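Below: the structure, in structure tokens.
Laboratory data are not the source of any read-out in this text; all were calculated from the coordinates shown. Heads up, the Cβs are rebuilt from the backbone with ideal geometry, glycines too, and the neighbour counts pull from every protein chain shown.
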Amino acid sequence: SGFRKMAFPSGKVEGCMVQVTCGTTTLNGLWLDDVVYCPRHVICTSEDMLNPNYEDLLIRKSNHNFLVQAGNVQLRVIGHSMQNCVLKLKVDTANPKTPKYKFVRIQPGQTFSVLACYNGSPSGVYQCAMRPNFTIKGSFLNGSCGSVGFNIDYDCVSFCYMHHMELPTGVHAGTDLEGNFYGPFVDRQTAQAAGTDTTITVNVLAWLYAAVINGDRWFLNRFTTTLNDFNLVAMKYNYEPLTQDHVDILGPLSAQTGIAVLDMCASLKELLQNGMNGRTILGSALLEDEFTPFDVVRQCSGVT
Ligand SMILES: *C(=N)[C@H](C[C@@H]1CCNC1=O)NC(=O)[C@@H]1[C@@H]2[C@H](CN1C(=O)[C@@H](NC(=O)C(F)(F)Cl)C(C)(C)C)[C@@H]1C=C[C@H]2C1
């Protein structure tokens, strides 16, 4: 029993981290096969960040300007290309630690593990959700650029995020591994703000099911509700609309506990309208929305 925010084991991604240097800028790269992926603002200096034309800046860059370092050992760059907001540096050695992998673009509400890195070396690992406003509530300093977000399916690492930047509210923005930003953000030092940070309703419900599984069920009331009637209440508290797809995805948890999704919705409804009254659910004084239904199942059934 017990329920914790849990990252995937990071060993397979640690073997892919390298340091990339160009000019005075040092940041992290991801080395998979004979390619290093990193954020394109490696090309920029402190002057350039206001309004850089990345294509023009790239004209002045040769292969030998890019120093790539795995541990103490240097990798020879034999080619470079810009793909959207990432740079692909072709090197002459394939990574011997390349795990089984693919690049996925995740959906909002889905979660992943972040291996926060500085100078190509790991600082630590934590779990994040892609917020509905396409930001993440991370922990990143200067130098963290190129740190990656991933999930693991048995042996296959799915890379979903590369870190690029921090927004005014202390939240973070980045790209998929094809260099496309999540959200409307650009890799430019200009006025940018996150939209309204809404709660991932289906995840809250998943977490309530986790609470019940762990014996922490004081919040279960005697009411039920309808999907439309719950959704009216959701809208008021900036909760995302609950759909029938979300109901179906909660089915495994509903079946294990014997509590229908709409019964749980009615208990959530009461927590929204009355608050928690100083009480906790799984050691938390607020409602947690960064556990997917799949996250809950995995932790409660001991998937490896
Ligand atoms: C990468 N090393 C670094 C990570 C940042 C630094 C502090 N916390 C982080 O996560 N990235 C940057 O410095 C990027 C960089 C610059 C400016 N920038 C920012 O994150 C800046 N933010 C913004 O401009 C904003 F999000 F739009 Cl408000 C700032 C935090 C330094 C003010 C250009 C924009 C993105 C890349 C190029």
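When the residues of region 171-198 are filtered to those that are near the ligand (Cβ under 9 Å from one of its atoms), surrounded by fewer than 18 Cβ atoms within 10 Å (Cβ to Cβ) and not β-branched (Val, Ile, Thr), the one that is farthest from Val104 (Cα to Cα) is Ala191.
Residue by residue, here is whether (1) of a type in the set (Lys, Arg); (2) in a loop (DSSP other than H, G, I, E, B) holds:
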site: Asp56; (1), (2): no, no
site: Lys61; (1), (2): yes, yes
site: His64; (1), (2): no, no
site: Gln74; (1), (2): no, no
site: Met82; (1), (2): no, no
site: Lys90; (1), (2): yes, no
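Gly258 falls short on exactly one of the conditions (1) in contact with a helix residue (DSSP H, G or I) (Cβ under 7 Å, 6 or more places away or on another chain); (2) more than 24 Å from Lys5 (Cβ to Cβ); (3) free of Cβ contacts under 8 Å to residues at least 24 places away in the same chain, and that condition is (1). I'd like the residue in region 237-260 that is outside any helix (DSSP H, G or I) and of a type outside the set (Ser, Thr, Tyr) and, out of all such residues, is nearest to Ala206 (Cα to Cα). That would be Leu250.
Of everything in region 118-145 that is farther than 30 Å from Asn238 by Cβ and polar (S, T, N, Q), the residue that is farthest from the ligand (Cβ to nearest atom) is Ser121. Scan region 268-304 for residues that are over 24 Å from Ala129 (Cα atoms) and touching a residue at least 24 places away in the same chain (Cβ under 8 Å) and the total you get is 3.
Screening the candidates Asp187, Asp176, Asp155 for the property of being farther than 19 Å from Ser121 by Cβ and in contact with a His (Cβ under 9 Å, 6 or more places away or on another chain) yields one hit, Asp187. Scanning region 125-155 for residues that are in contact with a strand residue (DSSP E or B) (Cβ under 8 Å, 6 or more places away or on another chain) and on the phi > 0 side of the Ramachandran plot yields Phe134, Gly143, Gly146. Taking strands (runs of 3 or more DSSP E) as the structural unit, those lying wholly within region 4-52 and holding at least 3 residues that are more than 11 Å from the ligand (Cβ to nearest atom) and β-branched (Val, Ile, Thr) correspond to 17-22. Given the criteria surrounded by 13 or more Cβ atoms within 10 Å (Cβ to Cβ) and either within 16 Å of the ligand (Cβ to nearest atom) or closer than 21 Å to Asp153 by Cβ (or both), does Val91 qualify? Here the answer is no, as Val91 does not meet what is asked.
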